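Just dropping this structure here.
Along the sequence shown, the residues carry numbers beginning at 1. What's counted below: heavy atoms across the whole structure, side chains too, no hydrogens, waters or symmetry copies.
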Amino acid sequence: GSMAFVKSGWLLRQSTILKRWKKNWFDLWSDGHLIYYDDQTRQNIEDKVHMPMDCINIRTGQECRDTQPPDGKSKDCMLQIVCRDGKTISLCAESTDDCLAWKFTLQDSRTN
């Protein structure tokens, strides 16, 4: 038992294919993997990020760039994971407090 999950849950992710927000299930691993899936069954991977190695910046709220929030939501629900290959992963929680919870956990995950 050297590994476990730190945080899991639904977030909206901005799809670079669909050009709109898509619901995905996220698991954040104790070694800094962030894995996301089509649904909570963890059967269909969308993509992954190695937070310690790949992430060069995290933006939250007003800091987010180039990405419109889902209809009815403010920027304060949004987070962006900026990666070294030039890819940015845009996320949106259901609330400001949910966004801030993900923020601190994702930030900590980069130190793993």
Side-chain angles (χ1 to χ4, degrees):
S2 56
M3 292 185 68
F5 296 174
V6 178
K7 195 181 177 69
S8 303
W10 298 102
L11 292 174
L12 298 168
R13 175 182 60 86
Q14 176 70 29
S15 178
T16 56
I17 303 170
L18 301 166
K19 317 305 191 304
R20 47 188 52 86
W21 292 96
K22 190 182 185 190
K23 196 176 187 181
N24 274 182
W25 177 269
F26 291 77
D27 295 312
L28 181 60
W29 297 8
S30 52
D31 70 351
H33 281 89
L34 182 66
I35 323 296
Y36 36 108
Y37 305 88
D38 274 1
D39 65 26
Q40 78 284 1
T41 68
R42 305 168 171 120
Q43 289 184 108
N44 307 309
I45 297 199
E46 290 273 50
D47 213 333
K48 54 144 205 309
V49 184
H50 295 104
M51 294 296 288
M53 289 298 300
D54 301 349
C55 181
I56 60 104
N57 199 30
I58 297 176
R59 310 177 162 280
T60 280
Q62 161 66 353
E63 300 166 342
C64 298
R65 304 169 97 209
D66 319 314
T67 304
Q68 300 300 307
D71 299 320
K73 292 277 209 309
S74 79
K75 290 188 74 178
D76 288 337
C77 291
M78 287 176 66
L79 190 152
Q80 287 178 322
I81 302 168
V82 185
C83 302
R84 70 170 69 251
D85 66 353
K87 188 167 66 180
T88 298
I89 304 147
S90 290
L91 305 175
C92 194
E94 280 305 291
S95 67
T96 300
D97 295 306
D98 287 2
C99 172
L100 289 164
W102 273 103
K103 185 194 193 159
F104 92 83
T105 303
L106 287 164
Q107 198 67 275
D108 289 347
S109 83
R110 300 173 66 188
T111 73
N112 296 331

Does some side-chain heavy atom of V49 sit less than 4.5 Å from a side-chain heavy atom of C83?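 Contact flag for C83/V49 side chains = yes.
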Shared hydrophobic cluster for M78 and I81 (ILVMFWY, side-chain gaps under 4.5 Å):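 The answer is no; the residues belong to distinct hydrophobic clusters.
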Using only atom types and a distance under 3.5 Å, with no angle test, would you say the side chain of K7 pairs donor to acceptor with the backbone of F5?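 Absent.
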For the pair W102 and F26, name the ring-plane relationship: parallel under 30°, tilted 30 to 60°, perpendicular over 60°.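 Rings of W102 and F26: perpendicular, as their planes differ by over 60°.
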Using a distance-only test with no angle check, is there a side-chain donor-acceptor pair under 3.5 angstrom linking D97 and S95?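 No donor-acceptor contact under 3.5 Å links the two side chains.
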Could you grab the distance from atom NZ of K23 to atom CZ of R13, nearest 0.5 Å is fine?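 With rounding to 0.5 Å, NZ (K23) is 14.0 Å from CZ (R13).
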Would one find more than 12 heavy atoms of other residues, nucleotides or ligands at under 6.0 Å from atom CG of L18?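 Yes, CG of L18 has more than 12 neighbouring heavy atoms, counting only those of other groups under 6.0 Å.
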In Å and rounded to the nearest 0.5 Å, what is the CZ to CG distance from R110 to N57?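 Reported value, rounded in 0.5 Å steps: 6.5 Å.
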Euclidean distance, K87 NZ relative to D47 CG, rounded to 0.5 Å: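 Here the rounded value is 4.0 Å.
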Identify the two heavy atoms, one from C77 and one from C99, that lie closest to each other, and give their separation to 0.1 Å.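 Taking every non-hydrogen atom into account, O-CB, 3.5 Å.
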Sequence neighbours excluded, which residues qualify as ring pair (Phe, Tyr, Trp, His ring centres under 6.0 Å) partners of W25?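 With sequence neighbours excluded, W25 shows a ring pair (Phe, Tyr, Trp, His ring centres under 6.0 Å) to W10, given in chain and number order.
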With rounding to the nearest 0.5 angstrom, report the OG1 to CD1 distance, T16 to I89.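 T16 OG1 to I89 CD1: 9.5 Å, rounded to 0.5 Å.
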Which distance, rounded to the nearest 0.5 Å, do you find between the CG of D27 and the NZ of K48?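 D27 atom CG to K48 atom NZ measures 15.0 Å (nearest 0.5 Å).
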For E46 and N24, which heavy atoms make the closest approach, and how far apart are they?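 For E46 and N24, the tightest heavy-atom pair comes out as OE2-ND2, 3.1 Å.
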Which pairs pass salt bridge (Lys or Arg N to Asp or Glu O under 4.0 Å) with one or both residues in residues 57-76, sequence neighbours excluded?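 The answer is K73-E94.
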Under 4.5 Å between side-chain heavy atoms, hopping through other hydrophobics if needed: is there a path connecting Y36 to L106?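 The answer is yes; both residues are in one hydrophobic cluster.
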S30 side chain vs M3 backbone, donor-acceptor pair below 3.5 Å: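 Not a single qualifying donor-acceptor pair exists.
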Validation row: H50, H33 side chains within 4.5 angstrom (heavy atoms):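 When only atoms from C-beta onward are counted, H33 and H50 do touch, with a gap below 4.5 Å.
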Reported CG-to-NZ distance for the pair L79 and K103, which is rounded to 0.5 angstrom: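 Result: 7.5 Å between the selected atoms.
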What do you reckon, is NZ of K22 surrounded by more than 12 foreign heavy atoms closer than 6.0 Å?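 Yes, NZ of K22 has more than 12 neighbouring heavy atoms, counting only those of other groups under 6.0 Å.
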Side chain proximity check, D31 to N112, heavy atoms < 4.5 angstrom: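 With C-beta onward as the side chain, the pair stays apart.
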Between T67 and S90, which heavy-atom pair has the shortest distance, and what is it?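 Heavy atoms only, the tightest pair is OG1-OG, 3.3 Å.
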Looking only at atom types and distance, does a side-chain atom of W21 sit under 3.5 Å from a main-chain N or O of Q68, one as donor and one as acceptor?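 Here the side-chain-to-backbone pair exists.
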Testing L12, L11, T60 for side-chain contact (heavy atoms from CB on, under 4.5 Å) with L91, which one passes?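 Of all the options given, the one that passes is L11.
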Keeping the roles fixed (side chain from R84, backbone from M53), state whether a donor-acceptor pair exists under 3.5 Å.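 It does hold such a pair.
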